[PDB]
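> One structure is given below, represented as structure tokens, and several questions about it will come after.
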Protein chains: 4
Amino acid sequence: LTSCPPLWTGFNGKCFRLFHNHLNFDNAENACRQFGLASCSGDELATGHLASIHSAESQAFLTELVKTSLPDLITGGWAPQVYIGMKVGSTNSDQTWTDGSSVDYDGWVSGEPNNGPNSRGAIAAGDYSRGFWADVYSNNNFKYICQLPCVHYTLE
Amino acid sequence: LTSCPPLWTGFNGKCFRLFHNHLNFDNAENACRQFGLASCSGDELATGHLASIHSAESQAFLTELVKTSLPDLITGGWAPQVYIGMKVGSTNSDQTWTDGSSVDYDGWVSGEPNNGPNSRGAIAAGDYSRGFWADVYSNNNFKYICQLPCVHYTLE
Amino acid sequence: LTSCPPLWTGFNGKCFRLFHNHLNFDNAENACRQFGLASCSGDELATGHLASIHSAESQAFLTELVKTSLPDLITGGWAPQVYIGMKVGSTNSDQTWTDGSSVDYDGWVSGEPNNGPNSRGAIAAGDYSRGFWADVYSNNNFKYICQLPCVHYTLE
Amino acid sequence: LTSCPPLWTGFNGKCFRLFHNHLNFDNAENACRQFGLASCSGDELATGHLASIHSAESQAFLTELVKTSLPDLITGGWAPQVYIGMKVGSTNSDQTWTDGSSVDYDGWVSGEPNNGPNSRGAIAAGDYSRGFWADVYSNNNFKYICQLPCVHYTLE
Ligand SMILES: [Ca+2]
Ligand SMILES: [Ca+2]
Ligand SMILES: [Ca+2]
Ligand SMILES: [Ca+2]
């Protein structure tokens with residue numbers, strides 16, 4: 001059981017919130033960076049980011065976050081699309097996450113990505129894409145998911 | 001900082017979730033009672049309920065839960081109305097919460113309750129009622145808020 | 001990561017404290033029952049008990065609790081012995097835990113139990129018994145370990 | 001209710017552990033710095049320190065930590081003295097904490113500090129000093145209290 005600030009909700013040690021106002025990818029990442037983690041002394045230690053996803057389970061959860069938060073927006077197609085922190089560079093195999101975590105989970109819908117270079121990933125909650133990711137263009141305006149800074153104690 | 005299951009969200013040691021499917025008051029209380037707290041041994045110890053509210057702060061929070069969860073349904077009136085666990089019996093001063101907690105916080109809108117006997121309270125998130133409660137009829141069908149069983153350690 | 005009241009310490013969802021004043025088995029279980037879990041409404045829901053142990057890991061932890069809490073009391077023999085909630089009845093195979101959990105872990109030292117009927121188990125932290133359990137007589141007076149009531153949410 | 005690693009114990013969002021092996025102030029600060037907080041990505045973000053104390057309530061708690069952890073060492077005098085992260089420079093009014101937090105709580109015993117320049121504070125749990133601090137010399141060898149890195153989410 002995970003501890004998250006009010007209005008956020010937690011799965012495996014990370015804390016998520018779905019934001020409802022449509023922003024393009026950049027400003028969506030930026031919105032997320034307004035959240036942070038500071039030391040009690042006062043120093044800024046880290047920043048929030050667009051959610052990164054690392055497993056079938058993480059992915060199933062964020063799908064449910066979206067599908068139950070937005071049940072009226074669930075179409076038979078791709079829609080709704082919600083941004084996650086996925087960036088796709090020149091080759092389709094230049095996938096990074098904005099938080100700098102590593103792409104160790106593949107949740108693309110069959111055929112995706114395919115609008116590269118410099119596309120961005122989104123949960124596509126429609127009954128077609130069934131939650132799995134689609135890549136879209138950076139200036140598309142959508143709902144987004146943030147994660148608060150991911151952090152653990154080192155006791156070595 | 002409160003610990004809540006995934007998809008739920010926490011304020012001051014209680015855990016809340018907003019449900020989107022419209023139910024009448026009874027079945028909304030019931031839906032919440034499907035969630036519980038059991039001992040590790042196996043015995044059911046307690047049940048979830050429609051949220052009860054005990055302070056300006058609790059009430060402000062649930063108001064933001066609804067306002068941010070549902071920004072498209074926010075009218076200039078009273079709507080949207082989301083059920084909480086408030087029951088109003090024969091006199092208007094017979095107010096009880098469904099969890100059995102005590103009515104030590106008055107969050108009614110000016111004029112409310114007024115549809116007694118046997119009306120039920122709802123956060124009315126419209127800009128007019130600004131979150132505060134309205135009493136409506138038990139068979140009206142609305143979105144609801146649950147709280148998971150409320151418990152604390154006794155160390156005496 | 002587990003959430004426990006101040007002065008207690010947590011491993012896998014349960015909360016432990018080591019108590020320093022020697023009591024016999026009965027009064028040790030009793031001391032633990034002074035701690036409880038109540039609903040916010042006010043009703044007593046459950047009681048603390050002498051710790052029960054369910055795996056190599058739980059057992060390794062409680063061993064470390066004892067060994068690091070009491071490093072001056074660690075002898076080359078059996079001592080120090082700290083009560084856990086283990087009861088041994090008529091046959092040596094009538095092992096129950098006081099919290100009513102089930103005996104699914106065997107942490108007896110080689111040869112133990114062996115002072116039945118109606119002996120009780122204790123972590124024996126000395127370098128000989130290396131933490132594993134010894135059974136001793138009910139009226140022996142020792143330090144003890146409590147656990148706060150064990151509970152989880154049922155979401156089925 | 002605070003979330004702490006096993007063997008630690010929490011009060012108001014910070015996590016404390018009492019260590020039993022006597023070290024001088026420097027090495028005691030250092031021992032605490034072996035604990036840290038890193039990002040999931042892998043970067044070291046912050047370090048543990050000797051506990052700092054910021055209120056009557058914090059101080060009451062740490063006093064109970066020491067008094068209940070070491071009931072056999074509690075003399076009618078000052079002893080036992082346990083280090084906290086307090087440093088006293090040239091004037092007696094140059095008090096800093098090792099974590100960098102600010103000295104907004106005065107918990108010195110009547111008359112203390114008095115062994116400056118460059119003395120260090122310790123909870124003096126003896127019945128005389130009743131928990132409050134004493135300044136002692138940096139090369140004295142005592143038990144110490146660590147706190148894990150103190151952090152909170154910034155949501156602004
Ligand atoms: Ca595409
Ligand atoms: Ca009304
Ligand atoms: Ca024996
Ligand atoms: Ca002094």
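Following the order of the structure tokens, chains are lettered A, B, ..., residues in each are numbered from 1, and ligands are numbered from 1.
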Could you list, as JSON, numbers by chain, all protein and nucleic acid residues with an atom at most 9 Å from ligand 4, counting only C-alpha atoms and all ligand atoms?
{"D": [111, 112, 113, 114, 115, 116, 119, 120, 121, 133, 134, 135, 136, 137]}
> For N, CA, C and O atoms, I'd like the residues from the last selection saved as a compact mmCIF listing (two decimals), in the first residue's frame.

# COMPACT_ATOMS: atom_id res chain seq x y z
N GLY D 111 21.24 25.91 31.66
CA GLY D 111 22.68 26.02 31.78
C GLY D 111 23.46 25.61 30.56
O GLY D 111 24.66 25.92 30.43
N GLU D 112 22.80 24.92 29.65
CA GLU D 112 23.47 24.36 28.46
C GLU D 112 23.14 25.19 27.19
O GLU D 112 22.06 25.78 27.09
N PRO D 113 24.06 25.28 26.23
CA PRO D 113 25.41 24.75 26.15
C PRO D 113 26.30 25.59 27.01
O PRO D 113 25.87 26.65 27.44
N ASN D 114 27.52 25.08 27.23
CA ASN D 114 28.51 25.63 28.16
C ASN D 114 29.89 25.04 27.97
O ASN D 114 30.79 25.38 28.70
N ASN D 115 30.08 24.16 27.00
CA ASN D 115 31.39 23.56 26.84
C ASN D 115 31.94 23.92 25.49
O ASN D 115 32.79 23.20 24.95
N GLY D 116 31.43 25.04 24.97
CA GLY D 116 31.84 25.57 23.65
C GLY D 116 33.23 26.17 23.72
O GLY D 116 33.81 26.23 24.83
N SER D 119 31.35 22.26 20.80
CA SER D 119 30.70 21.15 21.47
C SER D 119 29.53 20.66 20.59
O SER D 119 29.27 21.22 19.49
N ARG D 120 28.83 19.63 21.08
CA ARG D 120 27.79 18.94 20.32
C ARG D 120 26.68 18.52 21.27
O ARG D 120 26.96 18.25 22.43
N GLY D 121 25.44 18.46 20.81
CA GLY D 121 24.35 18.27 21.71
C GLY D 121 24.04 16.81 21.83
O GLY D 121 24.30 16.02 20.92
N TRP D 133 18.71 18.78 26.34
CA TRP D 133 20.01 18.55 25.75
C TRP D 133 21.13 19.02 26.63
O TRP D 133 20.98 19.89 27.49
N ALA D 134 22.28 18.42 26.39
CA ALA D 134 23.50 18.82 27.01
C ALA D 134 24.56 18.91 25.93
O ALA D 134 24.50 18.20 24.95
N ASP D 135 25.53 19.79 26.07
CA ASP D 135 26.56 19.84 25.07
C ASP D 135 27.75 19.21 25.67
O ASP D 135 28.02 19.44 26.83
N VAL D 136 28.43 18.40 24.89
CA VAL D 136 29.50 17.57 25.36
C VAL D 136 30.60 17.73 24.32
O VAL D 136 30.41 18.46 23.35
N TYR D 137 31.73 17.04 24.48
CA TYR D 137 32.86 17.30 23.61
C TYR D 137 32.82 16.37 22.47
O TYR D 137 32.46 15.21 22.63
> Using only C-alpha atoms, which chain A residues lie at most 7 Å away from chain B, written as a PDB file with C-alpha atoms, in the first residue's frame?

ATOM      1  CA  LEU A   1       0.000   0.000   0.000  1.00  0.00           C
ATOM      2  CA  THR A   2       1.355   3.324  -1.321  1.00  0.00           C
ATOM      3  CA  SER A   3       1.266   6.751   0.312  1.00  0.00           C
ATOM      4  CA  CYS A   4       0.153   9.634  -1.898  1.00  0.00           C
ATOM      5  CA  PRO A   5      -0.899  13.285  -1.380  1.00  0.00           C
ATOM      6  CA  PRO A   6      -4.609  14.046  -1.542  1.00  0.00           C
ATOM      7  CA  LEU A   7      -6.149  13.939  -5.044  1.00  0.00           C
ATOM      8  CA  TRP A   8      -3.369  11.593  -6.200  1.00  0.00           C
ATOM      9  CA  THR A   9      -3.570   7.821  -6.258  1.00  0.00           C
ATOM     10  CA  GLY A  10      -0.862   5.240  -5.881  1.00  0.00           C
ATOM     11  CA  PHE A  11       0.282   2.055  -7.540  1.00  0.00           C
ATOM     12  CA  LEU A  65      -7.275   5.005 -14.096  1.00  0.00           C
TER      13      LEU A  65
END
> Identify all residues of range 23-156 of chain A in alpha helix (DSSP H) (DSSP on the backbone) and supply them as number ranges by chain.
A: 25-32, 56-69
> Report the distance between CA of residue 67 in chain B and CA of residue 125 in chain B in Å, rounded to one decimal place.
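About the pair CA of residue 67 in chain B and CA of residue 125 in chain B: they are 6.4 Å apart.
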> Applying 9 Å and only C-alpha atoms, which residues near residue 46 in chain C remain after dropping the ones on its own chain fewer than 5 positions away? List them as a PyMOL selection string.
(chain B and resi 39+45) or (chain C and resi 33+35-38+149-150)
> Suppose you want the space between CA of residue 81 in chain A and CA of residue 30 in chain A; what is it in Å?
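About the pair CA of residue 81 in chain A and CA of residue 30 in chain A: they are 18.3 Å apart.
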> Give me the residues near residue 128 in chain A as a ChimeraX atom specification, where near means some atom within 12 Å (using only C-alpha atoms) and where sequence neighbours in that chain fewer than 2 positions away do not count.
/A:74-81,109-110,123-126,130-134
> Would you work out the distance separating CA of residue 97 in chain A from CA of residue 22 in chain A, expressed in Å to one decimal?
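Those two atoms sit 20.0 Å apart.
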> At a cut-off of 12 Å, using only C-alpha atoms, what residues contact residue 103 in chain C? Leave out same-chain residues fewer than 5 positions from it and give the result as a PyMOL selection string.
(chain B and resi 41) or (chain C and resi 52-55+85-88+93-98+108)
